[PDB]
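# A closer look at the structure
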Amino acid sequence: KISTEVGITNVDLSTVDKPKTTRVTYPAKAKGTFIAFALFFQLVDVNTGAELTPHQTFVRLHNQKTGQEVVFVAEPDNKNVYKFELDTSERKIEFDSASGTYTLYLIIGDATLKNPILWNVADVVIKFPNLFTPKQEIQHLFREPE
Amino acid sequence: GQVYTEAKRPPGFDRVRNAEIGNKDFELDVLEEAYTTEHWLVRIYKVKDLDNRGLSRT
Amino acid sequence: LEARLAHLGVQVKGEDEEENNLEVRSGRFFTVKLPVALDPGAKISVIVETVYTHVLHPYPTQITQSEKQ
Amino acid sequence: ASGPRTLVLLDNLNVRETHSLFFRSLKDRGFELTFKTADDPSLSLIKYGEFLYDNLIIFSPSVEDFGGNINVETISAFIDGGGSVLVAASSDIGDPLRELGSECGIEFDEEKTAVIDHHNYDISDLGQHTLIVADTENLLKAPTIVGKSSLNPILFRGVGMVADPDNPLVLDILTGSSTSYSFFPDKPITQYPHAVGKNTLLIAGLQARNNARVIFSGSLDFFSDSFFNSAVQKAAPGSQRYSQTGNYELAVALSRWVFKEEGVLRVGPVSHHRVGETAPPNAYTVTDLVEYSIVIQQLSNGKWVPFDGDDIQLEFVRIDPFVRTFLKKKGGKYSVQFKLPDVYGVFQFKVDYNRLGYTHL
Ligand SMILES: *[C@@H]1O[C@H](CO)[C@@H](O[C@@H]2O[C@H](CO)[C@@H](O[C@@H]3O[C@H](CO[C@H]4O[C@H](CO[C@H]5O[C@H](CO)[C@@H](O)[C@H](O)[C@@H]5O)[C@@H](O)[C@H](O)[C@@H]4O)[C@@H](O)[C@H](O[C@H]4O[C@H](CO)[C@@H](O)[C@H](O)[C@@H]4O[C@H]4O[C@H](CO)[C@@H](O)[C@H](O)[C@@H]4O[C@H]4O[C@H](CO)[C@@H](O)[C@H](O)[C@@H]4O)[C@@H]3O)[C@H](O)[C@H]2NC(C)=O)[C@H](O)[C@H]1NC(C)=O
């Protein structure tokens, strides 16, 4: 039960080609705009070469205009490198409404680490395609005498 | 599909159409029974109210 | 049970009936005139009979189709 | 309102001592409290078709046999008879509690799953980062359900839940921070977690169609005497350290709301007539001015004072509203005058006042 920094090797943002790639360090809000998209991860402990799977490896998409937030889990690959991919044609239920700009937050939490990161990497562009409040007033339209 | 309408027929027989019933046993989701005359000639049900706890059914 | 009384009739052992006048002197006491006056030390079998109505209430108000009220 | 007599279940009788402050406050309002062991045989909510205890409180996680007459079906009948039920759960939910939650539309998580946070867990957790510090930012933002004062961060140590998107009634009195996922403490995640995002309510509450408030509270630990009197400071470096948790005010407010004390609206006599008359005439003629007046009361500490009633909407409807106007307050009555619509037939005055944190009308 010894806690060490989570660390990051290379946040590689690679736009999907319906394939140019860009790379950014951990404290660097990626410059540019990406329109769809799969990004590359590389988590590694510090003070000792050790990639350590953290209990929480999410990817949050935030819609600033509408306020909706969708969270995507990340799966480790055979190369010990997480990969997040957005089809732009699948997940119609997941993404009902298309928003021009989406915040792409990164969340990495673990029981035995001491550096919970929430820094957003860059912006994403996706182009896949109540009762309690008082209701609007209705006024009858009277007929006209001849 | 339980009443024996005829002397020698399958239980749940229909005299008018001379055929056995298909959906032998089922439970009405919304229509609780209210009255059924002695000869089953006129059946009166009663639409249930909206569910209290707001469940999908009833 | 004063506001629930049905017919209330008095009797005397044997074939006889008595008149019970209704008066107020409070639970609307009934005055009964004995057929024969009785001196001290006498005994008179008065078979008072009354009937109360609407005094039985079902404690389970809403029984299902198959229950005992 | 409802009867003072309340029956409270306990996993062990030693809970009353640990839960002393809240129970005392709950007894300030004249409530009669009867504590029964969760497994007591002589546990009878209903007897001879008449409910004994008007309100029910449950503080017993780790239960699977409620007792003689207490069943999920019986509790459902209770809530259908106007009872108010309060529940709790701390990592030991049990199948009966999950069934009762499912009936009302709240999907309790797995037995061993506790809501977790890494960005916001206070220094007092001493172990897995599960001592969620729910901030006041994310809240219901209502005046009746969560009070009207200002609160400090509320400590929560329990199992999260997720509201069903079919229920319109279910209202989320709280929501977990964007980082709370509510999964197994120590196990890898290979599938989508339960309420991974802002959907982990943790204080979800119901409001039945017949006005039977129910408040499925996330954690029993939330009502603990230690939580009421403890200090809060998020483990994030350099966060503020409030001296008082601010949990007591929220607990008292939710207790008052669930027992028909803080918000209740009763509809008084209604009256409608031609302008210039005194009695409701049969069969109003077409294009005839009509005046409607309805009194409404608010139950402020039992006074039954007149409701403020800013926005109450009258609807003149046949199958769909022909007219929809705003009642005007005048001498305690909500009165409006409007010409009847040209179309003839049967119609319905239908004053409907459904607002968040209030009674239905
Ligand atoms: C025999 O039996 C039959 C069975 O009942 C009877 O048929 C019924 O007749 C009624 C009325 O005649 C019909 O209702 C009307 O439907 C019209 C078309 O349907 C709309 O459907 C969509 C809406 O669907 C739902 O929407 C919400 C969602 O929750 C829901 O609340 C709502 O109830 C509805 O179910 C919509 O998107 C479509 O575009 C269609 O429009 C519809 O236009 C009518 O709406 C009118 O009228 C109602 C009440 O009459 C008002 O509440 C509406 O707001 C709207 O009001 C407008 O007209 C009024 C005069 O009639 C004005 O006073 C209002 O100001 C408003 O006027 C605006 O619009 C005008 C132009 O339209 C402008 O000139 C104005 O300036 C304003 O801008 C109404 O809902 C039933 O649908 C129909 N039944 C069936 C099965 O079809 C039949 O009447 C019987 N026979 C006889 C002789 O009576």
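Its PDB header attributes the entry to cryo-EM and lists the resolution as 3.61 Å.

### Structural notes on the nonpolar core
Across soluble globular proteins, nonpolar side chains show a tendency to be buried alongside one another. Residues and elements named next belong to chain D. Residues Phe 59, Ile 173, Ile 203 and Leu 250 are the most contacted members of the largest nonpolar core, which totals 39 residues. Of all the secondary-structure elements, those providing two or more residues to this core are β1 (5-10), α2 (20-28), β5 (55-59), β8 (132-134), β9 (154-156) and α6 (247-258). If you tally residues by element for this core, the top one is α6, at five residues. Apart from residues lying up to four places away in sequence, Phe 59 is in contact with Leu 9, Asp 11, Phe 22, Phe 23, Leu 86, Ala 88, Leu 220 and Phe 223. Grouped together as the second largest cluster of nonpolar side chains are 35 residues, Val 87, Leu 100, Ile 106 and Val 159 included.

### As for the site of the ligand
In the vicinity of the ligand, the residues found are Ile 138, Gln 139, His 140 and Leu 141 of chain A together with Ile 319, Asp 320, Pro 321 and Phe 322 of chain D. Around the ligand, the nearby residues trace back to chains A and D. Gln 139 of chain A is positioned with one of its backbone polar atoms (N or O) 2.6 Å from an oxygen atom of the ligand. Between the ligand and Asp 320 of chain D, the relevant distance is 2.8 Å, taken from an oxygen atom to a side-chain nitrogen or oxygen of the residue. Relative to its unbound accessible surface of 1,600 Å², the ligand loses 21% to contact with the protein. Of the residues that constitute the shell around the ligand, the class distribution is five nonpolar, two polar and one charged.

### A few points about the interface of chain A and chain D
Taken residue by residue, the interface counts 26 residues in chain A and 33 residues in chain D. Of the roughly 2,600 Å² buried between chain A and chain D, counting both surfaces, carbon and sulfur atoms make up 59%. Across the chain A-chain D interface, the total number found is one salt bridge. Between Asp 342 of chain D and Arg 143 of chain A there is a salt bridge, with the nearest N and O atoms lying 3.6 Å from each other. For the pair chain A and chain D, the number of links is twelve residue pairs in polar contact.

### Some points on the side chain of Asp 110 of chain A
Its place among the elements puts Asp 110 of chain A in the loop between β10 (108-109) and β11 (120-125). Among all residues touching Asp 110 of chain A, those that are not within four sequence positions of it are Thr 53, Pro 54 and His 55 of chain A together with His 118 and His 129 of chain D.

### Section: the interface of chain D and chain B
It is common to report an interface's size as the accessible area lost on association of the parts. Every contact between the two is made by 13 residues of chain D and, on the other side, six residues of chain B. With both sides pooled, the region where chain D packs onto chain B buries about 840 Å², and carbon together with sulfur makes up 44% of that total. If you sort the residues of chain D by the area they bury against chain B, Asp 80, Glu 103 and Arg 209 of chain D come out on top, with a joint share of 47%. In this structure, the connection of chain D to chain B is made through one salt bridge. Measuring nitrogen to oxygen at the nearest pair gives 2.7 Å for the salt bridge that ties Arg 53 of chain B to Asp 80 of chain D. Seen at the junction of chain D and chain B, the total is six residue pairs in polar contact. Elements that contribute at least two residues to the side of chain D that touches chain B include exactly α3 (72-80) and α4 (95-104) of chain D.

### Describing the packing of α3 of chain D against α4 of chain D
Residues and elements named next belong to chain D. Closest axis-to-axis distance for the α3/α4 pair is 10 Å, and the angle between their directions is 35°. Of the two elements, α3 crosses α4, and the hand of that crossing is right-handed. Facing α3, whose interface residues are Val 72, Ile 75 and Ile 79, α4 presents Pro 96, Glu 99, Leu 100, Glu 103 and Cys 104. Residue composition of the contact of α3 with α4, by class: six nonpolar, no polar and two charged.

### Some points on the sheet that holds strand β16 (residues 266-274) of chain D
Residue and element names in this part refer to chain D. The antiparallel open sheet is built from four strands, whose spatial order is β16-β17-β21-β20. On the outer flanks of this sheet lie β16 and β20 (328-330), each paired with one strand and no other. If you compare each strand with its neighbour and ignore which way they point, the axes differ by 30° on average. Examined bridge by bridge, strand β17 (residues 289-297) and strand β21 (residues 333-339) share seven bridges and lie antiparallel to one another.

### Points about the pattern of salt bridges
Residue and element names in this part refer to chain A. For the structure shown, the criterion picks out 15 salt bridges over all chains. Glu 5 is paired through a salt bridge with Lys 114; the nearest N and O atoms lie 3.8 Å apart. According to the relative accessible area criterion, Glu 5 is partly exposed, its value standing at 25%. Taking the shortest distance from any N to any O, the salt bridge between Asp 123 and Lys 29 comes out at 4.0 Å. Owing to a relative accessible area of 23%, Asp 123 belongs among the partly exposed residues under this scheme.

The rules we used
Residues numbered from 1 in each chain as written, not as in the entry; some residues may be left out. Chains lettered and ligands numbered in written order. Part of a larger assembly, values for the part shown. Heavy atoms only, no water. Core = buried A, V, L, I, M, F, W, Y, C linked by side-chain atoms within 4.5 Å. Buried < 20%, exposed > 50% of the residue type's maximum accessible area, 1.4 Å probe, protein only. Helix = DSSP H or I, 4+ residues; strand = E, 2+ residues; numbered from the N terminus. Contact = heavy atoms within 4.5 Å. Near = heavy atom within 4 Å. Polar contact = N/O pair within 3.5 Å; in protein donor to acceptor, adjacent residues only side chain to side chain. Areas by Shrake-Rupley, 256 points an atom, 1.4 Å probe, with all protein chains shown as cover. Nonpolar A, V, L, I, M, F, W, Y, C, P; charged D, E, K, R; others polar. Buried area = accessible area lost by both parts, 1.4 Å probe. Salt bridge = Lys/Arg side-chain N within 4 Å of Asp/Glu carboxyl O. Axes fitted to C-alpha atoms, helices over the stretch in contact; angles between N-to-C directions. Left-handed = near helix turned anticlockwise from the far one by under 90°. Pairing = 2+ DSSP bridges.

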